[PDB]
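Just one chain follows, in the form deposited in one PDB entry, and it is written as structure tokens.
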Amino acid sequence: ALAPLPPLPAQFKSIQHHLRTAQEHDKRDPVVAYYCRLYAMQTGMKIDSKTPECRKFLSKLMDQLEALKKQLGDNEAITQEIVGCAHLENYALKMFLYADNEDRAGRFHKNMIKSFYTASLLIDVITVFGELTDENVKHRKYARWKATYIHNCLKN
């Protein structure tokens, strides 16, 4: 349904996991996959849209966006930005609640690490709609910190 997309330019390492989240949600919540890609698109454009490697990447990503937008032919979450935001925000926050409960229960595993990480990535995505709330900023900071710390405490 969607072309393989070129390799990721070194200039775009920051937007890598957001694209992996988009790929991971193509079958499950494709509204997530749309906005994840849209965020990566706008982010990458701000990083480098001059370099031929970057330029080519962004255009193929722009193609996937047009494709997905049509494939979700309105679709209140794509149609209305208030709905889309709410969908992606409730998703991220449900995920945060889950991973936080695991942490408080001392259950440390790959799934709770991914859930903390993915939730933080989803908060980044939500910026497409507007400024974040103080609560959103706090959650993203905590989620990314916890995921990192636990990942090391489980590897080392």
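Only residues modelled in both forms are compared. Take the two forms, find the largest set of C-alpha atoms that superpose within 1.5 Å, and that set is the rigid core. Position 1 is the first residue in the sequence shown; the rest follow in order.
What comes next is about the form deposited with a partner chain bound, which does not appear here.
Each of 41, 58 and 65 is positioned with at least one heavy atom within 4.5 Å of its partner chain in the deposited complex.
Its partner chain is not shown here, but in the deposited complex it comes within 4.5 Å of a heavy atom of residue 128. Segments of at least three consecutive residues in which every Cα is displaced by 2 Å or more between the shown form and the other one, once the core is aligned, occur only at 1-3.
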